[PDB]
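A quick write-up on the structure given underneath.
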4 protein chains.
Amino acid sequence: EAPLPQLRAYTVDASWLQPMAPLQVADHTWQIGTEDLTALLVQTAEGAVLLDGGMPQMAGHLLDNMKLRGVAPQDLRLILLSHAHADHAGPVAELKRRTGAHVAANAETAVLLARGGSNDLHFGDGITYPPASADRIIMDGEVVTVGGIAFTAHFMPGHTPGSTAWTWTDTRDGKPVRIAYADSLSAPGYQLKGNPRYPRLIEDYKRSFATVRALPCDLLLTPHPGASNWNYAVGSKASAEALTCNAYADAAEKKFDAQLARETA
Amino acid sequence: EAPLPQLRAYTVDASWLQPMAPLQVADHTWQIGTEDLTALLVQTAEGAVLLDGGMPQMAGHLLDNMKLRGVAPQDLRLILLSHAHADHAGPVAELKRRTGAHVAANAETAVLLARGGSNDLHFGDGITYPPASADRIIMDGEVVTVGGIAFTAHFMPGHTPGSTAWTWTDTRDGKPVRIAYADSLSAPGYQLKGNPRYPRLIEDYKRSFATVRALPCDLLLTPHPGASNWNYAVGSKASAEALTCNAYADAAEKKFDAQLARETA
Amino acid sequence: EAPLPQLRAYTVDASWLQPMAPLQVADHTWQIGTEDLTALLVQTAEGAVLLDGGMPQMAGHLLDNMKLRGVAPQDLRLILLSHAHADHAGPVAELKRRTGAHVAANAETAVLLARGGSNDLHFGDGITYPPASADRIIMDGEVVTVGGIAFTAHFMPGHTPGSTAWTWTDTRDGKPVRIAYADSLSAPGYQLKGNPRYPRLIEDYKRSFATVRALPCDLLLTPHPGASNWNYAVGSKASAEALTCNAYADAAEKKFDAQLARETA
Amino acid sequence: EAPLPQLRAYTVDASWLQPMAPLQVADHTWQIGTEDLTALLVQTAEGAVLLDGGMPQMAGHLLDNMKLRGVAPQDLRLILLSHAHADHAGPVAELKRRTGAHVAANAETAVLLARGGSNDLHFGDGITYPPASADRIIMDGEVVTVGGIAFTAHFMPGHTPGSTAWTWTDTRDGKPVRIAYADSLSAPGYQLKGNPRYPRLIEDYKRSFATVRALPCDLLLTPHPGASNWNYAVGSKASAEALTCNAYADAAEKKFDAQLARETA
Ligand SMILES: C=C1CO[C@H]([C@@](NC(=O)[C@H](C(=O)O)c2ccc(O)cc2)(OC)C(=O)O)N=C1C(=O)O
Ligand SMILES: C=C1CO[C@H]([C@@](NC(=O)[C@H](C(=O)O)c2ccc(O)cc2)(OC)C(=O)O)N=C1C(=O)O
Ligand SMILES: C=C1CO[C@H]([C@@](NC(=O)[C@H](C(=O)O)c2ccc(O)cc2)(OC)C(=O)O)N=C1C(=O)O
Ligand SMILES: C=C1CO[C@H]([C@@](NC(=O)[C@H](C(=O)O)c2ccc(O)cc2)(OC)C(=O)O)N=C1C(=O)O
Ligand code: NI
Ligand code: NI
Ligand code: NI
Ligand code: NI
Ligand code: NI
Ligand code: NI
Ligand code: NI
Ligand code: NI
């Protein structure tokens, strides 16, 4: 008789796990993750902020790149998240242990993080990672400030209930650069219609496309860089083809609408 | 020199703590709280549901009234909440310990419940109560079913971020009675405008008035019975003057608008 | 350049995942796990108790065997644990969701369970499973009662800080059968001496051997049946070769002492 | 008919709430609490450690005294606890929010802290305070290091299951001063014998008296300064009459034995 199946690891494309050196995005903001997963380090006079960390096994690489940027582990003040899936929040528990950083997140992200991504609305227990606690619960539009740099949360539920865009204003060449780190707008394999675990999924996505269109933004980044047409591997040309917020929302909505019709079909 | 102040207890009007015998609302639904705090018991063939419990010190009274209704402690399957303030969720931890019931709540209510109402957006630590955990996180529009009776959640944020209306269809005289247990729409002493802890407070309240207007409803009940013009003390006449959902939302919005203008003034 | 390694699944011997039909241990007590992982169902007039659940993927099998025994999911009242490693507590979160059972455990087991086995003192993040909460914290010697059957906890730290033996008295042929479900006493790959994460590891194991020797016991069972010389696959002869508590403790201490000397060498 | 009683605040002697200026204990160690509640600040080159915080309403006073010592809120790295009762752990949640400090505690202290002191083994819900999470779980004998200063945990269960002594070596006049911050050994109003919630209470206290006798110690301090014959109000003479560890343990055991006999009587 067949035994029960073995547990299956969450495996990803090699490029998601390919380390890169820090890539400067603006005067204080650096991509310090892998070629295909965003992890943004914002360096202030009173400590650093990390927005996402990628996969669980990226924790050491993140700390190495922080050190290259002059940031010792204890200099990391704050971790912010796009959403609490294993490929973006993976190393949060380990980073908290090794740095003392606090995590700020909305209540939906906090509850998913605290169960390590288990009992996911769509993926069940297939993408579990080490659980972590949120130290500060934030509300829509709330401002979190480190070293004078203000980060504003914009809720954009859909990909997860707690999906969040973060905005802040950096500089380049003496001019302001409004950065928008917008969350995923994909629905990979999701049951969109009549989903008992997420009854208003379609209404939330539709509002979130509108929220993304309206973000203050001179430079858009996304957890998966390809979603906004970044290419981290080509250095100073990485941002050349990057989408606007309007274009990112439009592409996501077209995909969503096509998926909805295919689900009907 | 003045010592630091003593801790101050959360004290309430005597009528909020005045026990009453069970008052039948419909064929399966009973008010089993106090004269001025709602606690609804819905009795099914496969166990009971409790919607709110009132103040922390009401736990024993609730269990006594459950016993009068034929419900032993272990027959309580499920606890649902309007919102996780001390005067509505107060006895949840004790009820879970004594009954084995599970709690279902949205993520905002879950995080407030788990910190016992401390660090409230408006009240600070003044209304702390024993913390409890949510066993099931629910989404807007999600259906929770016990003994075939379906309870639907309708999020109506404002009074708390996690404020929820619950609807279900009971019977009376062979006819359906659509019951709506709508949450508080008050903002007592709240800073409404430009509140850093709740930046979209006004937009949430305005949407919640609309949500309440649209609830399926033949009989409205509220956590504070006076908010919907119930009078639990007068028995079979308790519901006589009860408001419609439209009237409840209208009265709440008029009060809110007046408060907003007074806050401006 | 090498990408970072993929996540690695916790894989186990096939026999640990080999389903078996319920095997009666005494009048109310049944082995309902797999050939090589113990999961004990104790059936009372007022609901059932489950002691351990095995691997995460065993949840459905456990519920199937409960149904064969006449126990519907909602009839499971209580889950007790030997220790909160993935191969014994694996399916607890799912079982709680599907049955409404409460978990009772000591504080050490509760904290490890709530982090899903991550940040293990010896195994790091290699054996993470879905986190779950303990509904009742128990103390050493505390009695937990379901349907009149009293289960007594005996702390035996070492294999994990929260390792616990559970004892209860069942019957067979009109005579009492004192059952002892003693936890693992292995230290697989552990650094025993001068371990910064567990400074008193050796003293705890030494006391735990003594605790096991002294347990009230006519029939010993262990989370890994082979540790007490059970063979679940041979049905009515499964218990024939089972060790006494004295013999189990002696074998474990001999292995431990040999390992200590090898660690010195 | 009598309404249910109002909630009752946890009120304490005025001297427990009487602020004092920082009182130097050794070269890096300061009493910064109130006249009758200990809160120790240990200042290192890489941040500060706080051992206990007193009552919930002491948070602002603690931060004021930290500022007098040159310690900005963000310079507080670590909070350690004797035990998680409201009069010693009261302000921990607020301190974490305002400083970013992490809490290190054993599993028993962590679970009591996370429920805000509610469902206390002896006091029920009478001494609840705002819940907080432990960021690091520590084991008996484990060393926690900040700025090169090593703090060692010594478990001494009884007053609470998680009661802990902390030891570290400071200096004065060029010579080492071994400081022992030993927890409470009182059992105020406790049922000592046959306590179902704490079956091995007497055995734990008896071992804890022995643990305290054996602590490395040139200068003993206790959460209630009077328990070790300190008098914080008389400045440079505050330590003059302080007990040794042997004397503190002896006095506590004599009181305990007398209480046990009175409980028998
Ligand atoms: C578009 C995708 C797809 O890849 C990841 C995702 N999914 C996967 O990596 C992948 C998949 O969807 O095929 C997956 C692999 C294994 C699983 O068990 C579950 C999901 O991460 C969990 C997801 O969120 O859907 N994330 C995104 C995204 O937009 O963030
Ligand atoms: C309209 C009210 C006012 O009374 C309670 C409330 N407030 C109070 O009971 C009361 C007050 O607002 O005056 C209060 C007393 C003491 C406090 O520390 C805080 C609040 O409960 C916490 C509140 O939610 O505002 N609840 C409602 C409600 O609509 O639920
Ligand atoms: C003797 C053993 C060994 O097997 C399991 C164990 N270990 C393993 O299954 C196994 C190993 O020790 O070789 C293991 C595989 C993969 C890992 O990442 C970690 C451990 O479960 C986690 C353990 O507790 O050590 N459990 C016991 C036990 O006594 O409970
Ligand atoms: C000796 C005492 C007595 O005072 C406090 C204590 N108790 C009280 O402050 C006090 C009491 O025991 O009389 C109390 C007041 C009100 C309550 O609801 C409970 C306890 O703090 C919770 C306690 O731990 O027993 N603490 C100690 C101690 O040794 O830490
Ligand atoms: Ni995702
Ligand atoms: Ni992703
Ligand atoms: Ni309220
Ligand atoms: Ni209220
Ligand atoms: Ni194990
Ligand atoms: Ni095992
Ligand atoms: Ni105490
Ligand atoms: Ni005290």
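If you're wondering about the labels, chains in the structure tokens are A, B, ... by order shown, residues count from 1 in each chain, ligands from 1 in order shown.
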Check which residues of chain A sit at most 7 Å from ligand 5 using only C-alpha atoms and all ligand atoms, and return one row each with the closest pair of atoms and their distance in Å to one decimal, ordered by chain and rising number, as a Markdown table.
| residue | atom | partner | partner_atom_place_in_ligand_line | distance |
| --- | --- | --- | --- | --- |
| A:83 | CA | ligand 5 | 1 (Ni) | 6.6 |
| A:85 | CA | ligand 5 | 1 (Ni) | 4.9 |
| A:87 | CA | ligand 5 | 1 (Ni) | 6.9 |
| A:159 | CA | ligand 5 | 1 (Ni) | 6.3 |
| A:160 | CA | ligand 5 | 1 (Ni) | 7.0 |
| A:184 | CA | ligand 5 | 1 (Ni) | 6.8 |
Exercise: region 188-199 of chain C partners within 10 Å, only C-alpha atoms, chain neighbours under 3 positions left out, as a compact mmCIF listing (two decimals) with N, CA and C atoms, in the first residue's frame:
# COMPACT_ATOMS: atom_id res chain seq x y z
N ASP C 120 14.38 25.65 16.59
CA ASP C 120 14.58 24.54 17.51
C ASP C 120 15.97 24.65 18.13
N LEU C 121 16.09 24.25 19.42
CA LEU C 121 17.37 24.39 20.12
C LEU C 121 18.50 23.66 19.40
N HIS C 122 18.19 22.57 18.70
CA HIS C 122 19.20 21.72 18.07
C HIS C 122 19.08 21.66 16.55
N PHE C 123 17.87 21.76 16.00
CA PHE C 123 17.60 21.54 14.59
C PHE C 123 17.35 22.83 13.80
N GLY C 158 14.38 17.09 28.16
CA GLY C 158 15.64 16.65 27.60
C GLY C 158 15.52 16.64 26.09
N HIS C 159 14.79 15.65 25.57
CA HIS C 159 14.62 15.58 24.13
C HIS C 159 14.08 16.90 23.58
N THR C 160 13.11 17.50 24.28
CA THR C 160 12.79 18.91 24.15
C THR C 160 12.65 19.42 25.57
N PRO C 161 12.74 20.74 25.78
CA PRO C 161 12.50 21.27 27.13
C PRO C 161 11.11 20.94 27.67
N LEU C 185 13.51 9.86 24.82
CA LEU C 185 14.68 10.13 25.66
C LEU C 185 15.94 10.16 24.82
N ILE C 202 22.31 18.11 30.34
CA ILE C 202 22.69 16.81 30.91
C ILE C 202 21.96 16.56 32.22
N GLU C 203 21.86 17.59 33.07
CA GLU C 203 21.15 17.43 34.34
C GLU C 203 19.67 17.10 34.11
N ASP C 204 19.04 17.73 33.10
CA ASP C 204 17.64 17.45 32.80
C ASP C 204 17.45 16.01 32.32
N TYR C 205 18.27 15.55 31.37
CA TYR C 205 18.16 14.16 30.95
C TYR C 205 18.33 13.20 32.13
N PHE C 256 22.71 7.44 26.05
CA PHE C 256 23.09 8.82 26.35
C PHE C 256 24.52 8.88 26.86
N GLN C 259 26.94 8.30 24.11
CA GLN C 259 27.00 9.48 23.26
C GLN C 259 27.82 10.58 23.92
N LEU C 260 27.66 10.75 25.23
CA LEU C 260 28.41 11.75 25.96
C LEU C 260 29.91 11.48 25.86
N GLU C 263 31.06 12.14 22.43
CA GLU C 263 31.19 13.58 22.24
C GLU C 263 32.48 14.09 22.87
N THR C 264 32.82 13.59 24.05
CA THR C 264 34.13 13.89 24.64
C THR C 264 35.28 13.41 23.74
N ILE D 137 13.33 33.29 23.90
CA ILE D 137 13.06 32.38 25.01
C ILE D 137 14.40 31.90 25.56
N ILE D 138 14.57 31.98 26.88
CA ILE D 138 15.83 31.54 27.47
C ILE D 138 15.62 30.32 28.37
N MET D 139 16.71 29.57 28.52
CA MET D 139 16.77 28.35 29.30
C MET D 139 17.55 28.58 30.59
N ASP D 140 17.41 27.65 31.51
CA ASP D 140 18.09 27.80 32.80
C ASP D 140 19.60 27.81 32.61
N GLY D 141 20.26 28.82 33.17
CA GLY D 141 21.71 28.94 33.03
C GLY D 141 22.15 29.65 31.77
N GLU D 142 21.21 30.05 30.91
CA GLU D 142 21.57 30.68 29.65
C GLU D 142 22.10 32.08 29.90
N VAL D 143 23.07 32.47 29.08
CA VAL D 143 23.73 33.76 29.19
C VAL D 143 23.20 34.68 28.09
N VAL D 144 22.75 35.87 28.47
CA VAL D 144 22.33 36.93 27.56
C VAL D 144 23.34 38.07 27.69
### Task
Please return, as a ChimeraX atom specification, all residues of chain D lying within 7 Å of chain B when only C-alpha atoms are considered.
/D:3-4,6-11,14,17-19,115,118,128,130-131
Please list as a compact mmCIF listing (two decimals) with N, CA and C atoms, in the first residue's frame every residue within 12 Å of residue 169 (chain A), counting only C-alpha atoms and excluding residues in the same chain fewer than 2 positions away.
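Printed below is out.txt as written:
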# COMPACT_ATOMS: atom_id res chain seq x y z
N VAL A 25 19.05 52.46 -5.80
CA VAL A 25 17.81 52.88 -6.41
C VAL A 25 17.62 54.38 -6.32
N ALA A 26 17.99 54.97 -5.19
CA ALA A 26 18.01 56.41 -5.02
C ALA A 26 19.02 56.71 -3.91
N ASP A 27 19.06 57.96 -3.43
CA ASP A 27 20.18 58.36 -2.58
C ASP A 27 20.30 57.48 -1.33
N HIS A 28 19.18 57.11 -0.69
CA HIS A 28 19.19 56.30 0.53
C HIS A 28 18.67 54.88 0.35
N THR A 29 18.30 54.47 -0.86
CA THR A 29 17.52 53.26 -1.07
C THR A 29 18.29 52.30 -1.97
N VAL A 42 16.61 50.94 3.20
CA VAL A 42 16.59 52.40 3.22
C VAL A 42 17.41 52.81 4.43
N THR A 145 7.85 56.35 10.69
CA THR A 145 8.99 57.22 10.47
C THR A 145 10.25 56.67 11.15
N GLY A 148 13.66 60.34 10.39
CA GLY A 148 13.03 61.40 9.64
C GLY A 148 12.41 60.98 8.33
N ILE A 149 12.68 59.76 7.84
CA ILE A 149 12.10 59.31 6.58
C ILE A 149 10.73 58.71 6.88
N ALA A 150 9.70 59.29 6.26
CA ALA A 150 8.33 58.83 6.48
C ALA A 150 7.92 57.81 5.43
N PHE A 151 7.45 56.65 5.89
CA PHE A 151 6.91 55.60 5.03
C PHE A 151 5.40 55.53 5.22
N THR A 152 4.64 55.64 4.14
CA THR A 152 3.18 55.62 4.23
C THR A 152 2.65 54.30 3.68
N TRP A 166 3.98 50.52 0.00
CA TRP A 166 4.68 51.48 0.85
C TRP A 166 5.25 52.60 -0.01
N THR A 167 5.04 53.85 0.40
CA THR A 167 5.60 54.96 -0.35
C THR A 167 6.48 55.83 0.55
N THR A 171 15.74 61.03 -2.73
CA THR A 171 16.28 62.07 -3.59
C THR A 171 17.26 61.46 -4.58
N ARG A 172 17.50 62.22 -5.65
CA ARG A 172 18.55 61.91 -6.61
C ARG A 172 18.85 63.20 -7.36
N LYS A 175 16.95 66.29 -6.53
CA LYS A 175 15.53 66.37 -6.77
C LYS A 175 14.81 65.26 -6.02
N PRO A 176 13.56 65.48 -5.63
CA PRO A 176 12.82 64.41 -4.96
C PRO A 176 12.51 63.29 -5.93
N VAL A 177 12.54 62.07 -5.40
CA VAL A 177 12.12 60.88 -6.11
C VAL A 177 11.08 60.20 -5.24
N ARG A 178 9.83 60.26 -5.67
CA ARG A 178 8.76 59.58 -4.96
C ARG A 178 8.80 58.09 -5.31
N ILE A 179 9.15 57.25 -4.34
CA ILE A 179 9.26 55.82 -4.58
C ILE A 179 7.96 55.16 -4.14
N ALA A 180 7.46 54.25 -4.96
CA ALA A 180 6.30 53.44 -4.59
C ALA A 180 6.73 51.98 -4.69
N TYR A 181 6.68 51.28 -3.56
CA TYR A 181 6.91 49.84 -3.52
C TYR A 181 5.53 49.20 -3.46
N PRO A 216 1.34 58.03 -5.20
CA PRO A 216 2.36 59.04 -5.53
C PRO A 216 3.62 58.31 -5.98
N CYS A 217 4.09 58.61 -7.19
CA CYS A 217 5.12 57.74 -7.75
C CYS A 217 5.88 58.38 -8.91
N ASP A 218 7.20 58.51 -8.72
CA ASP A 218 8.17 58.74 -9.79
C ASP A 218 8.94 57.48 -10.16
N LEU A 219 9.00 56.49 -9.27
CA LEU A 219 9.73 55.26 -9.52
C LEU A 219 8.99 54.13 -8.80
N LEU A 220 8.46 53.19 -9.59
CA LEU A 220 7.73 52.03 -9.09
C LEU A 220 8.69 50.85 -8.94
### Query
Contacts of residue 99 (chain D) at 10 Å or less, counting only C-alpha atoms, minus same-chain residues fewer than 6 places along, as a ChimeraX atom specification?
/D:63,72-78
### DSSP strand (DSSP E or B) selection over region 158-199 of chain A, as JSON, numbers by chain
{"A": [164, 165, 166, 167, 168, 169, 170, 171, 172, 175, 176, 177, 178, 179, 180, 181]}
Serialized selection, N, CA, C and O atoms, as a CSV table (one decimal), in the first residue's frame:
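The resulting again04.csv:
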chain,number,residue,atom,x,y,z
A,164,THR,N,0.1,45.3,0.9
A,164,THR,CA,0.3,46.7,1.2
A,164,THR,C,1.3,47.3,0.3
A,164,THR,O,2.3,46.6,0.0
A,165,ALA,N,1.1,48.5,-0.2
A,165,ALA,CA,2.1,49.3,-0.9
A,165,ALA,C,2.7,50.3,0.1
A,165,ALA,O,2.0,50.8,1.0
A,166,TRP,N,4.0,50.5,0.0
A,166,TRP,CA,4.7,51.5,0.9
A,166,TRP,C,5.3,52.6,0.0
A,166,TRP,O,5.9,52.3,-1.0
A,167,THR,N,5.0,53.8,0.4
A,167,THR,CA,5.6,55.0,-0.3
A,167,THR,C,6.5,55.8,0.6
A,167,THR,O,6.2,56.0,1.8
A,168,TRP,N,7.5,56.4,-0.1
A,168,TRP,CA,8.4,57.3,0.6
A,168,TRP,C,9.1,58.2,-0.4
A,168,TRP,O,9.1,57.8,-1.6
A,169,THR,N,9.6,59.3,0.0
A,169,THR,CA,10.3,60.3,-0.9
A,169,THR,C,11.8,60.3,-0.6
A,169,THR,O,12.2,60.7,0.5
A,170,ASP,N,12.5,59.8,-1.6
A,170,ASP,CA,14.0,59.8,-1.5
A,170,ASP,C,14.4,61.0,-2.4
A,170,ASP,O,13.6,61.9,-2.8
A,171,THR,N,15.7,61.0,-2.7
A,171,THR,CA,16.3,62.1,-3.6
A,171,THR,C,17.3,61.5,-4.6
A,171,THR,O,17.8,60.3,-4.4
A,172,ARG,N,17.5,62.2,-5.6
A,172,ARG,CA,18.5,61.9,-6.6
A,172,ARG,C,18.9,63.2,-7.4
A,172,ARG,O,17.9,63.9,-7.9
A,175,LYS,N,17.0,66.3,-6.5
A,175,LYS,CA,15.5,66.4,-6.8
A,175,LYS,C,14.8,65.3,-6.0
A,175,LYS,O,15.4,64.2,-5.8
A,176,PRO,N,13.6,65.5,-5.6
A,176,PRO,CA,12.8,64.4,-5.0
A,176,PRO,C,12.5,63.3,-5.9
A,176,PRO,O,12.3,63.5,-7.1
A,177,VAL,N,12.5,62.1,-5.4
A,177,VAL,CA,12.1,60.9,-6.1
A,177,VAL,C,11.1,60.2,-5.2
A,177,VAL,O,11.4,59.6,-4.2
A,178,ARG,N,9.8,60.3,-5.7
A,178,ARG,CA,8.8,59.6,-5.0
A,178,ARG,C,8.8,58.1,-5.3
A,178,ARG,O,8.5,57.7,-6.5
A,179,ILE,N,9.1,57.3,-4.3
A,179,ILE,CA,9.3,55.8,-4.6
A,179,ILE,C,8.0,55.2,-4.1
A,179,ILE,O,7.4,55.4,-3.1
A,180,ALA,N,7.5,54.3,-5.0
A,180,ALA,CA,6.3,53.4,-4.6
A,180,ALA,C,6.7,52.0,-4.7
A,180,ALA,O,7.1,51.5,-5.8
A,181,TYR,N,6.7,51.3,-3.6
A,181,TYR,CA,6.9,49.8,-3.5
A,181,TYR,C,5.5,49.2,-3.5
A,181,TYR,O,4.9,49.1,-2.4
### Task
Can you pull out every residue within 7 Å of residue 31 (chain B), counting only C-alpha atoms, but drop anything in the same chain fewer than 2 positions away, and send it as a ChimeraX atom specification?
/B:22-25,33,38-41
Save out the residues we just selected, C-alpha atoms, as a PDB file, in the first residue's frame.
ATOM      1  CA  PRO B  22     -33.217  34.734  28.965  1.00  0.00           C
ATOM      2  CA  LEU B  23     -35.433  36.781  26.620  1.00  0.00           C
ATOM      3  CA  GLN B  24     -36.569  35.059  23.432  1.00  0.00           C
ATOM      4  CA  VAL B  25     -35.857  37.012  20.242  1.00  0.00           C
ATOM      5  CA  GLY B  33     -26.815  39.105  28.840  1.00  0.00           C
ATOM      6  CA  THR B  38     -26.469  42.237  24.490  1.00  0.00           C
ATOM      7  CA  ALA B  39     -25.275  38.640  24.537  1.00  0.00           C
ATOM      8  CA  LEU B  40     -27.147  36.469  22.023  1.00  0.00           C
ATOM      9  CA  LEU B  41     -27.423  32.693  22.347  1.00  0.00           C
TER      10      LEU B  41
END
### Message
From the options C:186, C:246, C:231, C:239, which residue's atoms come nearest to residue 36 (chain C), counting only C-alpha atoms?
### Response
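Residue with the minimum atom-to-atom distance to residue 36 (chain C): C:231.
With CA of residue 79 (chain A) on one side and CA of residue 153 (chain D) on the other, the separation reads 29.5 Å.
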### Close residues, residue 251 (chain A) itself excluded, 12 Å, only C-alpha atoms, min 6 positions apart in chain, as a PyMOL selection string
chain A and resi 184-186+209+212-213+227-229+243-245+257-258
### Message
So the first atom is atom 1 (Ni, counted along the ligand's line) of ligand 12 and the second is CA of residue 183 (chain D); what is the distance between them in Å, to one decimal place?
### Response
9.0 Å
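Rounded to one decimal, CA of residue 50 (chain B) and atom 6 (C, counted along the ligand's line) of ligand 2 lie 20.6 Å from each other.
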### Message
Going by DSSP on the backbone, which residues of region 153-220 of chain D come out as alpha helix (DSSP H)? List them as a list in words.
### Response
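So, restricting region 153-220 of chain D to alpha helix (DSSP H), we get residues 201, 202, 203, 204, 205, 206, 207, 208, 209, 210, 211, 212 and 213 of chain D.
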